[PDB]
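1. Quick check, what structure comes out for this input:
(chains A, B, C, D, E, F and G, ligands or ions: 2)
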Amino acid sequence: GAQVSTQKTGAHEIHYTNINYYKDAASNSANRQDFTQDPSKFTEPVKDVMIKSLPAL
Amino acid sequence: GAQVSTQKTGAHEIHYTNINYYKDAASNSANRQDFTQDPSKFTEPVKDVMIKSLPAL
Amino acid sequence: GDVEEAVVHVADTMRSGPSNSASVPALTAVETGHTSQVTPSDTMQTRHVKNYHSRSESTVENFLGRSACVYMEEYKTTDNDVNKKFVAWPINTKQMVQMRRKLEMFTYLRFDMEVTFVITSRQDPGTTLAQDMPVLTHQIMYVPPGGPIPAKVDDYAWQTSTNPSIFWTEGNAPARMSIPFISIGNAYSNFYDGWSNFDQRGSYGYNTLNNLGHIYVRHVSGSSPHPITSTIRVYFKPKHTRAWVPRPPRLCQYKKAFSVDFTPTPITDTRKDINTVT
Amino acid sequence: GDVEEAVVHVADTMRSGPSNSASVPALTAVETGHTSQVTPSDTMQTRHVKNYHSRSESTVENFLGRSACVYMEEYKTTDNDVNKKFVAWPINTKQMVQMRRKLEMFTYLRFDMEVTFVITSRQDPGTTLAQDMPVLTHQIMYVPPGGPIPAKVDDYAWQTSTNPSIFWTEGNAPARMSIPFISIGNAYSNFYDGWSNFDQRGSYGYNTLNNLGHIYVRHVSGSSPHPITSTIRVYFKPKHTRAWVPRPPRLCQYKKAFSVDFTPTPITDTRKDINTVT
Amino acid sequence: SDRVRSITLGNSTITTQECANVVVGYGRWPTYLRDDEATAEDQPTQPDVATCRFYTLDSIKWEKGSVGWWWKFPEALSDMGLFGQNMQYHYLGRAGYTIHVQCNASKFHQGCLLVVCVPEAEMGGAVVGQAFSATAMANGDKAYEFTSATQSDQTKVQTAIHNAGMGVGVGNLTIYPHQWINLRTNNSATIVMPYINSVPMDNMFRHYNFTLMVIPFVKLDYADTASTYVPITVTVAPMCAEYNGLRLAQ
Amino acid sequence: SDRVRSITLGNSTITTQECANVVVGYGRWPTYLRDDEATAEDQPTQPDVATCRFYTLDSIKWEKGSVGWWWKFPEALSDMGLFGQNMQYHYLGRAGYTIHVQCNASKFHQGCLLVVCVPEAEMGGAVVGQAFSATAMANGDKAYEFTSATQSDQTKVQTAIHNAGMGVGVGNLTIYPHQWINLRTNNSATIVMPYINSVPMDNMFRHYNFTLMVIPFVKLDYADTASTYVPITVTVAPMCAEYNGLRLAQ
Amino acid sequence: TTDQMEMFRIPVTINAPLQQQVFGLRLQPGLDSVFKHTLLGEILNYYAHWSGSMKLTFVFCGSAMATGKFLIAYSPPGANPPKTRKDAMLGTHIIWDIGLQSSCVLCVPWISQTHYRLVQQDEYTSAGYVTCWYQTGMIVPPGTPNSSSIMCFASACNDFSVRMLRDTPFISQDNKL
Ligand SMILES: CN1CCN(Cc2ccc(NCc3ccc(F)cc3F)cc2)CC1
Ligand SMILES: CN1CCN(Cc2ccc(NCc3ccc(F)cc3F)cc2)CC1
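-> Numbering: from 1, shown residues only, chains lettered A, B, ... in the order given. Ligands and ions are numbered 1, 2, ... in the order given. Next up is the structure itself:
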């Protein structure tokens, strides 16, 4: 039961295998491959959406 | 997710397995199996191709 | 099922030309508490650019995913004072400044922990040092709150039957272990603006919520003819981290290990005048 | 997907016979800056030969894929001078001659790095040496540019919370780590024919682009009754290398660690006369 | 015949009736910056024709005792037409070049020149461990003299010819793009140099992209003639030049 | 709302939060020269962005006794950025303009200005049958003063305001493209002037394409305030500029 | 600054000499004292490299009857910073008009020879200057204060990024707490 996945590499110009040996999820290695993000929570907390082109008020 | 590939050996008269354990591509082993090369960049940098048999000028 | 298989670049820049219209992206109103979302393409002509930069290294997982010292202490193999032959450290993450600051940028945290111990020994100076001693061994014991606490190096409490412990010998790799999210809430809290008693009296502050237990260390049976001093360093490395409610980084120097007390500090440095740029 | 599968000999020699024609492969004109491409088959009769030789060992990957010392330094476990109990080395690859020369055959480079540390210790000579000390432990800390710098062995800065560090104990295998392409450009530059200030003044040369940081090393807590000296050697081993714009190898001996300064040197050695061949 | 070449850039033309082929950098023709490789956000400016034209720098005199000369670019063209103005008014710049070096003499003269463009031609001071100002290595379009003997003035770069002021064997400069002007069979050399650097763009006042060197390997010789020297002229022309980051004039 | 306007040329932007519409010459937008109307043979140069941007000329001070001012183009922009350099280095030029004149005052001020662009605004001397130098009518970006009384100095143009220095009734200037800046309900005037001339192109040092005039018809007035004057600023931006006939700098 | 809060307010006057400078500063978000301790500056100080564009927002906190125009310009790196409005207006700039909308945004474009810049900036990786000048001047009616203030806000665009983690230098200790 092995997991295969891509590894960070460059851009213009590649797989590693992982296996879990312990029965507790806390023993797994860091899952530092997640890159999803959303800043609208802190930058646009207003109730009525404002269009950038339109005047603020 | 294992990679199998040939290993340098002689001529007239042979496979090794590799697996990646880390999540960063920088941790992989050296990829010293590439042998493509092209010297025309430094030996024939002229604009008009010259045929060896024909006179240079 | 012998195997199973399982990237986000920043925004690009779009070409823009001359414009003359009633739309005014530049003008806004900060009174709404809304940060603008203008881009350089909205105020000057720009070429088309493809950005391959990524924000991988700024994730909270990577930001906090570095081991850092949190405590160091010394204990002697043999000495007259009983209290000086072992360590007893209430666990807390507010004694070393850098790691404290790093954590204090978020109000609430939830993560697994990876603990590593570095132990070193040295012979104390003295008039006579010629001796031969085999390799030393150390014991680390973790005592959840309310458990028995040893009072001397050779106490009965060192016979752990339920308390986890590690026995380590010098010359090998540092000891290590992992701990799960051991809290009583749904998340750890760096700050707590409240009291202990329901009458608004008593202890005040995060100290109130610090009940993680203790750590004890001792030499197993080493008792040298001459004193030998050892030092232990504890490193913590969060894993699988989640954070909530960011707060501004601290500005004033820390002064207490269990309080927010500080001294007023200037906002920043000064310069000759408002126009000086050299 | 439990597995997945994944050589270039030199040119052969073709048989050639007597010739008599208007074609003149031998005659050319170097004024064009074009190197010839004649072969022995074009000037004398040759037999057919199959070459199994390969140019595998001359690839840049293999040419630079060897670890080499780049720096060594000494520090004492205990001494009167504070600055003598730890090392502070600004990172650069121009202090050891051989590795410097090897790199300087290309103008631009782009590679990953593999770093290995070799540490050894020895007891300083003295009148009294009889002592017993457990195994020693060392700490290596990497400080990116702009970070805090320790001023003494027991400084607070040694509590790394974000700075990567390695704790190592004698008697085990040498420490190792890997680093990615950590540059601010699209490639490292061995040479830089320019200045720092936009007025064509200031520092001049590659020094200007050297901002890789520092490395600090110390004994964790070892403090012997008598001095003990340790030495550290740093080895670099490029990986996944790419190179551009080759340049002629250096001829004059190096004289400065941050400059190209040199002294004029003869082109080569001499012999009795133009005809001497013995 | 392939001995005749004609080059037309902007509103200027160069015609050579006796020349060898044209060498083209490392086989790469100059070109504009691509969208997927750029980093600056704002729109660039592309004043072709106005800046992409030939500019004849001043001339040197080739004597029997000449040792060589060098020029540094793009600083050499710092005050040459609209190219200089654009370079002054902009923070970032990018452009390839076409270098044409003329030298003509009768059938009875003999000599040989080496023309080579050296990217990142860093130079060392005359006295080790001694800094020099930005005047002993580039002062506009004026050419600089190499020296046969070892230099001694601390205010100047080491001009020892056989080391090329770079600590390398002069005979190994062939690795770089180059051409030979042999008076027997040649009168000019043409080199097309693409933009070579570690970053997409750079300031042209702070960074010397490449250096041009002319070295007589076989010294000039003649006998019984009224001509005492052979003039040498250098002509350059930026190609696909584009600027960015407008600001106040430097 | 239609009271807000935004104009973006090159790397400059103008935003007016209280303005009237924009007037557009004789209903013709500026444009490049067509192939079937050109006369010069060689390729033109079109350095857009570098030259098509706003340039704020200096400012004037509007007092209770002001009478008016005028500027002459394109000579007014003779030494303004790359536009001036291109005009210097070329024999022929061609470009339209966008003129924006700002003037703001509180609700308690009163006054009215006339902004008008007069093509071919030929002027007569102060003393009949007496020539004047090219300095009493255009000296760069500096503004020139009209006079309430009849002029008398022979070295200057006739500055009598009511005749506009042209021998015509000042009240009839409305025929030309124009706008009014009325402090009650306006703060700026915008005029887009296409290229008007009897030939496809002309030299910009010898010919004044058009003249800009600002005349207070209702004199400024106020009472009991700390502000003593109302500054006036003028901004111009060439559009679709193209040059031809390169030569040595004048 | 006897009063610390004064650091956040840029003075402005009526009857100002023509074309005067309002303020000027270096664009070193991680090193300059101005941006050192801002919410943006703190984040960068944990890293070594940075890239991307920046936003500077200015809000006029004068009276409702006051009016004026300001010129804000960004000058890329050069041998000398601008000294007069004529020099400043050559580079990237925006003309700011004060009206119902009390805020204006100047987007500093990312113009650099390298993909990244050092946080510990030096001569090689300079970033330029930002300056503000009077465009028309501030005019007020009777019965209003003769002085006003402006505030500046700093933030990163959506293409901003950082790299290489380092330990910050602002916080230090000498003894265990
Ligand atoms: C006040 N809060 C205290 C907890 N702190 C986070 C935290 C929590 C637990 C721990 N370690 C728990 C632990 C785990 C394993 C042990 F052996 C001993 C321990 F103390 C470290 C940091 C956030 C602030
Ligand atoms: C002037 N250039 C300096 C860099 N040099 C290549 C190079 C770059 C970085 C490094 N090491 C970076 C590094 C990586 C990891 C560390 F812990 C410390 C470090 F300094 C070594 C060689 C080429 C010449």
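
2. in the stretch 1-150 of chain C, which spans are strands?
-> Here the stretch 1-150 of chain C has its strands, by DSSP state E, counting those that start in this stretch, at C:3-5, C:19-21, C:27-28, C:68-76, C:87-90, C:106-123, C:137-143.

3. burial count for residue 30?
-> Picked chain A for this. When neighbours are counted by other Cβ atoms under 10 Å in any protein chain shown, residue A:30 registers 18. In short, each C-beta sits where N, CA and C put it, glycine included.

4. um, chain E though
-> 20.

5. Next, work out how far apart it and residue G:65 are.
-> Distance of residue E:30 to residue G:65, computed by Cβ to Cβ, to the nearest Å: 59 Å.

6. still on that earlier bit, so which of the strands of the stretch 1-150 of chain C gets nearest residue D:68?
-> For residue D:68, the closest of the strands of the stretch 1-150 of chain C is strand C:106-123, at 29.7 Å, according to Cβ to Cβ.

7. Mind listing the strands the closest one pairs with, and their directions?
-> strand C:175-179 (antiparallel), strand C:188-189 (antiparallel), strand C:228-246 (antiparallel) (DSSP bridges).

8. Mean neighbour count and distance to residue F:147 for the ones you listed - can I get that in a markdown table?
-> As requested, those are exported to a markdown table (neighbours: other Cβ atoms under 10 Å in any protein chain shown; distance: least, Cβ to Cβ, whole Å):
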| stretch | mean neighbour count | distance to residue F:147 |
| --- | --- | --- |
| strand C:175-179 | 15 | 92 |
| strand C:188-189 | 16 | 80 |
| strand C:228-246 | 19 | 67 |
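
9. How about the backbone phi and psi for the residue in chain G that chain E sits nearest to?
-> Nearest residue of chain G to chain E: residue G:76, at 3.1 Å (Cβ to the nearest Cβ). Dihedral pair for residue G:76: phi -60, psi 170, per degrees, to the nearest 10.

10. The one 10 residues further on now?
-> In terms of degrees, to the nearest 10, the main-chain angles of residue G:86 are phi -60, psi -40.

11. any idea how far chain C is from it?
-> Distance, residue G:86 to chain C, by Cβ to the nearest Cβ, to the nearest Å: 17 Å.

12. what about that residue, neighbour count?
-> With other Cβ under 10 Å as criterion, residue G:86 counts 16.

13. The one 3 residues further on too?
-> The criterion is other Cβ under 10 Å. On that basis, residue G:89 has 22 neighbouring residues.

14. With the one 3 residues further on instead?
-> Residue G:92 sits with 26 neighbouring residues when counted by other Cβ under 10 Å.

15. Identify the bridge partners of the nearest residue to it once chain neighbours are set aside.
-> The shortest distance from residue G:92 to any non-neighbouring residue, by Cβ to Cβ, 6 or more residues apart in numbering or on different chains, is to residue G:74 (4.6 Å). Beta-bridge pairing of residue G:74 under DSSP bridges involves residue G:92, residue G:130.

16. In contact with residue G:74, which residues are there?
-> Residues counted as contacts of residue G:74 (Cβ atoms under 8 Å, 6 or more residues apart in numbering or on different chains) are G:27, G:91-93, G:106, G:108-109, G:128-130.

17. Residue C:167 contacts residue C:141, doesn't it?
-> No - between residue C:167 and residue C:141 there is no contact under Cβ atoms under 8 Å: 9.9 Å.

18. Tell me which of the two has more neighbours.
-> Each of residue C:167 and residue C:141 has its neighbours counted (other Cβ under 10 Å); residue C:141 has more, 20 against 11.

19. dump the residue contacts of that one.
-> So residue C:141 contacts C:158, C:160, C:163-165, C:215-217 (Cβ under 8 Å, 6+ apart).
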